[PDB]
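Trainee: First the structure, then my questions, so here it is.
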Amino acid sequence: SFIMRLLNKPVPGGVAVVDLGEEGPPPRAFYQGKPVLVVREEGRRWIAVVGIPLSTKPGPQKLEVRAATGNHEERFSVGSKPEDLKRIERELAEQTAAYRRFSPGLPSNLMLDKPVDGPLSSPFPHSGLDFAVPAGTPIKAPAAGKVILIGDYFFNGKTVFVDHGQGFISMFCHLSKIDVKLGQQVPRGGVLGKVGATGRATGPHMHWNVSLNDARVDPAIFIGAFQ
Ligand SMILES: [Zn+2]
């Protein structure tokens, strides 16, 4: 499928699309103990869309599949490519918990829109994708989702997490303005807020993280810009 052609980039920091050998009731899947996004491929076979951490050594990998008719493992391959620290600890803990959220819903779209209309800057260590846009540029939801975290953090500044469903999560930080509320359900294209330089940034810094199964992956894969 087109979504297999787009998303199957199995490298460290990348994405593996794995045939689950299931077509009936929805199976559950786990990679390194973390629950993984499971969707029908254009309404047909069940596939996992698996985030591969950047620290993953190339080689064979295992996915645990759970189904009523019996559990099984499916292998795939990764190829090569100031002031109180107590606050900081708490802020790290909140963000860590947010990426580990696994809500039951299916993502509205797996191919994501660019969150800002501007050129890409820094890759994807740098755990996301930058865009060269000025402060005040509106940031739009790459897919539909629920706002599961809003913070004003020491390092990341004004930060918003959007849960697209089943661990598929966008994060945006250093915002000047956040226009959404905690728990708010936003459509694809909904305005989340405005680009800024809050937290530890040197000038306007539009930063976008994409996570799958608690693994930060290259957002360029989802917009068709891998690389
Ligand atoms: Zn960045």
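By convention here, the chains of the structure tokens are called A, B, ... in the order presented, each chain's residues are numbered starting at 1, and ligands are numbered starting at 1 in the order presented.
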Set the distance at 9 Å and use only C-alpha atoms: which residues neighbour residue A:223 once local chain neighbours fewer than 6 positions away are removed? I'd like the list as number ranges by chain.
Mentor: A: 6, 111-114
Trainee: Give as number ranges by chain the residues surrounding ligand 1 up to a distance of 7 Å, considering only C-alpha atoms and all ligand atoms.
Mentor: A: 122, 126, 128-130, 205-208
Trainee: Could you name the residues that touch residue A:174 at 8 Å or less, counting only C-alpha atoms, but leaving out those on the same chain fewer than 2 positions away, as a list in words?
Mentor: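 My reading of the contact set: residues 156, 157, 158, 159, 172, 176, 195, 196, 197, 198, 199, 200, 201, 204, 205, 206 and 207 of chain A.
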Trainee: Measuring atom to atom with only C-alpha atoms, identify which of A:135, A:175, A:190, A:152 is nearest to residue A:92.
Mentor: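 Once distances to residue A:92 are computed over only C-alpha atoms, the minimum belongs to A:152.
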Trainee: Can you tell me, as a ChimeraX atom specification, what residues are no more than 6 Å from stretch 13-20 of chain A when counting only C-alpha atoms, ignoring any on the same chain fewer than 5 positions away?
Mentor: /A:8,46-54,217-218
Trainee: For residue A:181, work out the shell of residues within 9 Å, counting only C-alpha atoms and skipping chain neighbours fewer than 5 positions away, then give it as a PyMOL selection string.
Mentor: chain A and resi 147+149-150
Trainee: Select, from A:4, A:173, A:154, A:60, the residue with the minimum atom-to-atom distance to residue A:83, counting only C-alpha atoms.
Mentor: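 Closest to residue A:83 of all the choices is A:154.
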Trainee: Could you list, with a cut-off of 12 Å and counting only C-alpha atoms, the residues of stretch 104-138 of chain A near stretch 28-44 of chain A, each shown with its nearest atom pair and the distance in Å rounded to one decimal, rows sorted by chain and ascending number, as CSV?
Mentor:
```
residue,atom,partner,partner_atom,distance
A:104,CA,A:37,CA,9.2
A:105,CA,A:37,CA,9.5
A:106,CA,A:39,CA,7.2
A:107,CA,A:39,CA,8.8
A:108,CA,A:39,CA,11.1
A:109,CA,A:39,CA,11.0
A:110,CA,A:39,CA,9.9
```
Trainee: Provide the atom CA of residue A:118 to atom CA of residue A:136 distance in Å, to one decimal place.
Mentor: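 Between these atoms lies a distance of 12.7 Å.
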Trainee: Using only C-alpha atoms, pick whichever of A:225, A:93, A:180, A:169 has the shortest atom-to-atom distance to residue A:145.
Mentor: A:169
Trainee: Taking into account only C-alpha atoms, which residue in the set A:131, A:5, A:182, A:21 is nearest to residue A:73?
Mentor: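 Closest candidate: A:21.
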Trainee: Could you write out, as a list in words, all the residues of stretch 24-88 of chain A that DSSP marks as helix (DSSP H, G or I)?
Mentor: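 So the helix (DSSP H, G or I) residues in stretch 24-88 of chain A would be residues 85, 86, 87 and 88 of chain A.
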Trainee: Write out the residues from the selection above, keeping N, CA, C and O atoms, as a PDB file, in the first residue's frame.
Mentor:
```pdb
ATOM      1  N   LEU A  85      16.409  21.887  40.649  1.00  0.00           N
ATOM      2  CA  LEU A  85      16.449  20.704  39.790  1.00  0.00           C
ATOM      3  C   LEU A  85      15.241  19.812  40.083  1.00  0.00           C
ATOM      4  O   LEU A  85      14.911  18.913  39.311  1.00  0.00           O
ATOM      5  N   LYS A  86      14.600  20.082  41.217  1.00  0.00           N
ATOM      6  CA  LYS A  86      13.365  19.445  41.648  1.00  0.00           C
ATOM      7  C   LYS A  86      12.213  19.740  40.689  1.00  0.00           C
ATOM      8  O   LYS A  86      11.402  18.853  40.395  1.00  0.00           O
ATOM      9  N   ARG A  87      12.135  20.994  40.234  1.00  0.00           N
ATOM     10  CA  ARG A  87      11.226  21.386  39.154  1.00  0.00           C
ATOM     11  C   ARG A  87      11.538  20.600  37.880  1.00  0.00           C
ATOM     12  O   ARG A  87      10.640  19.977  37.323  1.00  0.00           O
ATOM     13  N   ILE A  88      12.804  20.622  37.449  1.00  0.00           N
ATOM     14  CA  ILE A  88      13.250  19.957  36.215  1.00  0.00           C
ATOM     15  C   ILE A  88      12.920  18.456  36.217  1.00  0.00           C
ATOM     16  O   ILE A  88      12.442  17.933  35.203  1.00  0.00           O
TER      17      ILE A  88
END
```
Trainee: With only C-alpha atoms as the basis for distance, which of A:192, A:11, A:162, A:186 is at the shortest distance from residue A:78?
Mentor: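 Smallest separation from residue A:78 among the options: A:11.
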Trainee: Identify which of the residues A:116, A:95, A:187, A:55 lies closest to residue A:171, counting only C-alpha atoms when measuring atom-to-atom distances.
Mentor: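 Counting only C-alpha atoms, the residue closest to residue A:171 is A:95.
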Trainee: I want to know what sits within 8 Å of residue A:27, based on only C-alpha atoms, with residues of the same chain fewer than 3 positions away left out; could you give that as a PDB file with N, CA, C and O atoms, in the first residue's frame?
Mentor:
```
ATOM      1  N   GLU A  22      -2.661 -11.242  11.173  1.00  0.00           N
ATOM      2  CA  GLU A  22      -3.990 -11.161  11.791  1.00  0.00           C
ATOM      3  C   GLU A  22      -4.942 -10.391  10.857  1.00  0.00           C
ATOM      4  O   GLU A  22      -4.532  -9.420  10.211  1.00  0.00           O
ATOM      5  N   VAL A  38      -1.622  -0.210  16.143  1.00  0.00           N
ATOM      6  CA  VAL A  38      -2.115  -1.299  15.301  1.00  0.00           C
ATOM      7  C   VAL A  38      -3.293  -0.791  14.466  1.00  0.00           C
ATOM      8  O   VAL A  38      -4.271  -0.261  15.003  1.00  0.00           O
ATOM      9  N   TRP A  46      -4.155  -6.579   9.486  1.00  0.00           N
ATOM     10  CA  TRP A  46      -3.633  -5.841  10.627  1.00  0.00           C
ATOM     11  C   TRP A  46      -2.119  -5.681  10.548  1.00  0.00           C
ATOM     12  O   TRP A  46      -1.366  -6.652  10.347  1.00  0.00           O
ATOM     13  N   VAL A  65       2.876 -10.150  19.719  1.00  0.00           N
ATOM     14  CA  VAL A  65       1.504  -9.938  19.260  1.00  0.00           C
ATOM     15  C   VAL A  65       0.582 -10.718  20.180  1.00  0.00           C
ATOM     16  O   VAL A  65       0.835 -11.890  20.496  1.00  0.00           O
ATOM     17  N   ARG A  66      -0.484 -10.052  20.617  1.00  0.00           N
ATOM     18  CA  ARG A  66      -1.491 -10.675  21.476  1.00  0.00           C
ATOM     19  C   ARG A  66      -2.847 -10.693  20.796  1.00  0.00           C
ATOM     20  O   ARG A  66      -3.388  -9.646  20.421  1.00  0.00           O
ATOM     21  N   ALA A  67      -3.398 -11.895  20.651  1.00  0.00           N
ATOM     22  CA  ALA A  67      -4.706 -12.077  20.044  1.00  0.00           C
ATOM     23  C   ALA A  67      -5.457 -13.182  20.793  1.00  0.00           C
ATOM     24  O   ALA A  67      -4.839 -14.076  21.367  1.00  0.00           O
ATOM     25  N   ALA A  68      -6.786 -13.093  20.807  1.00  0.00           N
ATOM     26  CA  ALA A  68      -7.630 -14.076  21.503  1.00  0.00           C
ATOM     27  C   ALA A  68      -7.279 -15.491  21.061  1.00  0.00           C
ATOM     28  O   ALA A  68      -7.121 -16.374  21.900  1.00  0.00           O
TER      29      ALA A  68
END
```
Trainee: As an exercise, work out the distance from atom CA of residue A:163 to atom CA of residue A:148 in Å and give it to one decimal place.
Mentor: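 Separation of atom CA of residue A:163 and atom CA of residue A:148: 6.3 Å.
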Trainee: Where in stretch 115-184 of chain A does DSSP assign strand (DSSP E or B), given as a PyMOL selection string?
Mentor: chain A and resi 120+129-131+138-140+145-153+157-165+168-175+177-178
Trainee: Only N, CA, C and O atoms, please: the residues just picked out, written as a tab-separated table (two decimals), in the first residue's frame.
Mentor:
```tsv
chain	number	residue	atom	x	y	z
A	120	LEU	N	11.88	23.26	6.12
A	120	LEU	CA	12.49	22.47	7.19
A	120	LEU	C	13.87	23.04	7.51
A	120	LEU	O	14.56	23.53	6.62
A	129	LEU	N	12.21	17.59	14.59
A	129	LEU	CA	12.41	18.31	13.34
A	129	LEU	C	12.15	19.81	13.50
A	129	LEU	O	11.13	20.21	14.06
A	130	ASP	N	13.08	20.63	13.01
A	130	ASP	CA	12.91	22.09	13.05
A	130	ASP	C	12.37	22.65	11.75
A	130	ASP	O	12.56	22.06	10.68
A	131	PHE	N	11.69	23.79	11.86
A	131	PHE	CA	11.23	24.55	10.71
A	131	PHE	C	11.71	25.99	10.85
A	131	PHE	O	11.64	26.57	11.94
A	138	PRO	N	1.43	30.47	13.12
A	138	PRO	CA	0.48	29.52	13.71
A	138	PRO	C	0.92	28.07	13.51
A	138	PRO	O	1.40	27.72	12.43
A	139	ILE	N	0.77	27.26	14.56
A	139	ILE	CA	1.13	25.84	14.53
A	139	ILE	C	-0.14	25.02	14.47
A	139	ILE	O	-1.01	25.16	15.33
A	140	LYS	N	-0.25	24.19	13.44
A	140	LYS	CA	-1.46	23.40	13.20
A	140	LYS	C	-1.26	21.91	13.52
A	140	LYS	O	-0.18	21.37	13.32
A	145	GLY	N	-6.43	14.90	17.29
A	145	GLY	CA	-5.97	14.35	18.55
A	145	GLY	C	-6.44	15.10	19.77
A	145	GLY	O	-7.08	16.15	19.66
A	146	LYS	N	-6.12	14.56	20.94
A	146	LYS	CA	-6.48	15.17	22.20
A	146	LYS	C	-5.22	15.78	22.84
A	146	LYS	O	-4.16	15.14	22.85
A	147	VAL	N	-5.35	17.01	23.34
A	147	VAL	CA	-4.27	17.66	24.09
A	147	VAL	C	-4.12	16.95	25.44
A	147	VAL	O	-5.02	17.01	26.27
A	148	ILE	N	-3.02	16.23	25.62
A	148	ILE	CA	-2.81	15.44	26.83
A	148	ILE	C	-1.77	16.05	27.78
A	148	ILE	O	-1.59	15.56	28.91
A	149	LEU	N	-1.11	17.11	27.33
A	149	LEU	CA	-0.14	17.82	28.19
A	149	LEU	C	0.16	19.24	27.72
A	149	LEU	O	0.35	19.49	26.54
A	150	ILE	N	0.14	20.17	28.67
A	150	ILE	CA	0.51	21.56	28.45
A	150	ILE	C	1.45	21.92	29.59
A	150	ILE	O	1.15	21.65	30.75
A	151	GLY	N	2.60	22.46	29.26
A	151	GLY	CA	3.53	22.89	30.30
A	151	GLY	C	4.26	24.15	29.91
A	151	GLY	O	4.23	24.57	28.75
A	152	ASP	N	4.89	24.76	30.90
A	152	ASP	CA	5.82	25.84	30.66
A	152	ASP	C	7.08	25.42	31.39
A	152	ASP	O	7.24	25.62	32.59
A	153	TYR	N	7.97	24.80	30.62
A	153	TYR	CA	9.10	24.07	31.19
A	153	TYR	C	10.40	24.84	31.11
A	153	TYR	O	10.56	25.71	30.26
A	157	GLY	N	10.31	25.29	27.33
A	157	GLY	CA	9.36	26.41	27.30
A	157	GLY	C	7.92	25.96	27.18
A	157	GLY	O	7.55	24.89	27.69
A	158	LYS	N	7.10	26.78	26.51
A	158	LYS	CA	5.68	26.44	26.35
A	158	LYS	C	5.57	25.22	25.44
A	158	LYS	O	6.00	25.23	24.29
A	159	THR	N	5.01	24.15	26.00
A	159	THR	CA	5.05	22.84	25.39
A	159	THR	C	3.66	22.29	25.34
A	159	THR	O	2.92	22.43	26.31
A	160	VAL	N	3.29	21.69	24.21
A	160	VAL	CA	1.99	21.04	24.06
A	160	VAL	C	2.14	19.64	23.44
A	160	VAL	O	2.88	19.47	22.48
A	161	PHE	N	1.48	18.65	24.03
A	161	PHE	CA	1.45	17.29	23.51
A	161	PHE	C	0.05	16.98	22.98
A	161	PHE	O	-0.94	17.18	23.69
A	162	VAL	N	-0.02	16.46	21.76
A	162	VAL	CA	-1.26	16.02	21.12
A	162	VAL	C	-1.25	14.50	20.85
A	162	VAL	O	-0.39	13.98	20.11
A	163	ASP	N	-2.19	13.81	21.47
A	163	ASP	CA	-2.30	12.36	21.34
A	163	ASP	C	-3.17	12.01	20.12
A	163	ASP	O	-4.39	12.16	20.16
A	164	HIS	N	-2.55	11.53	19.05
A	164	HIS	CA	-3.31	11.10	17.87
A	164	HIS	C	-3.97	9.73	18.05
A	164	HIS	O	-4.78	9.34	17.24
A	165	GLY	N	-3.58	9.01	19.11
A	165	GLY	CA	-4.15	7.71	19.45
A	165	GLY	C	-3.11	6.60	19.40
A	165	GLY	O	-2.22	6.61	18.55
A	168	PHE	N	0.72	7.28	19.26
A	168	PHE	CA	1.14	8.14	18.16
A	168	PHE	C	0.92	9.56	18.62
A	168	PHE	O	-0.21	10.02	18.73
A	169	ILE	N	2.01	10.26	18.93
A	169	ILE	CA	1.94	11.54	19.67
A	169	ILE	C	2.82	12.62	19.01
A	169	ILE	O	3.99	12.36	18.69
A	170	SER	N	2.26	13.81	18.81
A	170	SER	CA	3.05	14.99	18.44
A	170	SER	C	3.32	15.86	19.67
A	170	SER	O	2.45	16.05	20.51
A	171	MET	N	4.54	16.37	19.75
A	171	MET	CA	4.90	17.34	20.79
A	171	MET	C	5.44	18.58	20.10
A	171	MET	O	6.16	18.48	19.09
A	172	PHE	N	5.09	19.75	20.63
A	172	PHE	CA	5.61	21.04	20.15
A	172	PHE	C	6.08	21.85	21.33
A	172	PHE	O	5.36	21.97	22.31
A	173	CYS	N	7.27	22.43	21.23
A	173	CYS	CA	7.81	23.21	22.33
A	173	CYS	C	8.37	24.56	21.88
A	173	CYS	O	8.41	24.86	20.68
A	174	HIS	N	8.78	25.37	22.87
A	174	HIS	CA	9.22	26.77	22.70
A	174	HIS	C	8.15	27.71	22.15
A	174	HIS	O	8.48	28.73	21.57
A	175	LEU	N	6.87	27.40	22.36
A	175	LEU	CA	5.78	28.22	21.80
A	175	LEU	C	5.72	29.59	22.48
A	175	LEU	O	6.07	29.71	23.64
A	177	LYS	N	2.70	31.13	22.42
A	177	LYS	CA	1.29	31.16	22.75
A	177	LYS	C	0.77	29.74	22.55
A	177	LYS	O	1.14	29.08	21.58
A	178	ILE	N	-0.05	29.27	23.49
A	178	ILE	CA	-0.81	28.01	23.37
A	178	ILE	C	-2.30	28.36	23.36
A	178	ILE	O	-2.80	28.98	24.30
```
